[PDB]
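Enquirer:
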RNA sequence: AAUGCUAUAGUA
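In the authors' numbering, the protein residues as written are 1 to 194.
Take a look at the structure:
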């Protein structure tokens with residue numbers, strides 16, 4: 001997406017010659033893909049575009065009558081929040097074909113948000129929106145969320161991101177250290193010293 | 001004011 005961003009990414013690719021630099025470019029490309037998907041979903045769903053807002057900020061957003069200092073909320077950053085009919089929905093954007101990666105997120109959010117739900121007495125429902133990049137389709141974890149919007153239709157294809165990722169892999173396919181780094185998260189360790 | 005991965009005689 002975008003032409004200036006595409007040019008900046010291409011300039012970053014050409015000068016890149018180290019495994020850590022390539023890993024950083026890959027991480028930023030995945031983050032940009034997530035940003036594209038989140039912005040498009042926010043535009044389609046007619047809700048404000050937010051990303052990783054603090055939970056306590058949401059608490060003061062929905063009910064600005066309780067003291068923020070006294071309340072104790074989990075430090076996770078929800079991608080988005082939606083308040084309707086005395087129910088708060090925690091929205092998390094995911095761009096993967098793996099249901100397991102998002103059910104892990106669902107369980108962690110549920111076990112964390114149950115304390116806040118008892119303390120405030122608002123039932124906190126967690127929804128994870130999942131899109132498969134290879135074939136555009138939308139999967140919703142929460143039945144209530146899909147009930148709120150009878151149809152879920154976005155028109156997005158990640159052809160730009162896939163081609164640049166393929167170019168990056170082609171440049172650094174020989175680099176074994178790069179292949180090790182992309183396997184795990186942002187925390188990178190080199191080859192073992194023994 | 002500032003923002004680029006390699007930024008690379010003295011003190012105990």
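From the three backbone atoms N, C-alpha and C, an ideal C-beta is built for every residue, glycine too.
(1) Drop a sphere of 10 angstroms on the beta-carbon of residue 150, count the other beta-carbons inside from all chains shown, and report buried for 16 or more, exposed for fewer.
(2) If you follow the alpha helix (DSSP H) that residue 177 is part of, which residue opens it and which one closes it?
(3) Check for me: the beta strand (DSSP E) holding residue 92 runs from which residue to which?
(4) Just reading off the beta strand (DSSP E) that residue 140 is part of, what are its end residues?
(5) Along the chain, where does the alpha helix (DSSP H) containing residue 58 start, and where does it finish?
(6) Check whether the segment 129–138 and the segment 148–168 touch, using three or more Cβ-Cβ pairs below 8 angstroms as the test.
(7) Which partner residues of residue 252 appear in the DSSP bridge assignment?
(8) Please work out which residues of its chain come closer than 7 angstroms, Cβ to Cβ, to residue 58, disregarding the five sequence neighbours upstream and downstream, and give them in chain order.
(9) In angstroms with no decimal places, state the Cα-to-Cα distance between residue 129 and residue 76.
(10) Would you check if the distance between the CB atom of residue 124 and the CB atom of residue 113 is smaller than 7 angstroms?
(11) Just how far apart, CA to CA, sit residue 67 and residue 115?
(12) For residue 51, name the three-state secondary structure that DSSP assigns.
(13) Three Cβ pairs or more, each shorter than 8 angstroms: is that satisfied between the segment 17–33 and the segment 43–50?
(14) DSSP state of residue 198, grouped into three classes?
(15) Inspect the beta-carbon positions of residue 175 and residue 16 and report whether they are closer than 7 angstroms.
(16) I need the DSSP call for residue 81, collapsed to helix, strand or coil.
Expert: So, from the listed chains and residues:
(1) On the first chain, residue 150 is found 150 positions in, with the first residue counted as 1. Answer is exposed; the Cβ neighbour count stays below 16.
(2) Sequence index remark: in the first chain, residue 177 carries index 177 (1-based). Unbroken alpha helix (DSSP H) run through residue 177: 176–183.
(3) Here residue 92 is taken as the residue at index 92 of the first chain, counted from 1. Looking at the DSSP string, the run of the beta strand (DSSP E) that includes residue 92 is 87–94.
(4) In the first chain, the residue the question calls residue 140 occupies position 140. Element bounds for residue 140: 138–140.
(5) Position 58 of the first chain, counted from the first residue, corresponds to residue 58. Unbroken alpha helix (DSSP H) run through residue 58: 55–62.
(6) yes
(7) Past the boundaries of the shown model lies residue 252; the chain is included only from 1 to 194, so the question cannot be answered.
(8) Stepping through the first chain from its first residue, residue 58 is reached at position 58. Excluding positions up to five away in sequence, the list reads 78, 81.
(9) The sequence position of residue 129 within the first chain is 129, counting from 1. The sequence position of residue 76 within the first chain is 76, counting from 1. Looking at the two C-alpha atoms, the distance is approximately 17 angstroms.
(10) Mapped onto the first chain, residue 124 falls at position 124. Mapped onto the first chain, residue 113 falls at position 113. Taking 7 angstroms as the Cβ cut-off, residue 124 and residue 113 qualify as a contacting pair.
(11) As a working note, residue 67 is residue 67 in the first chain. As a working note, residue 115 is residue 115 in the first chain. Those two C-alpha atoms are separated by around 17 angstroms.
(12) Here residue 51 is taken as the residue at index 51 of the first chain, counted from 1. The answer is coil: DSSP assigns residue 51 none of H, G, I, E or B.
(13) no
(14) The structure shown has nothing for residue 198, since the chain only spans 1 to 194.
(15) For the purposes of this step, residue 175 is identified with residue 175 of the first chain, where counting begins at 1. For the purposes of this step, residue 16 is identified with residue 16 of the first chain, where counting begins at 1. Contact flag unset, no.
(16) To locate residue 81, count along the first chain from 1; it is residue 81. Looking at residue 81 - three-state DSSP - the assignment turns out to be strand.
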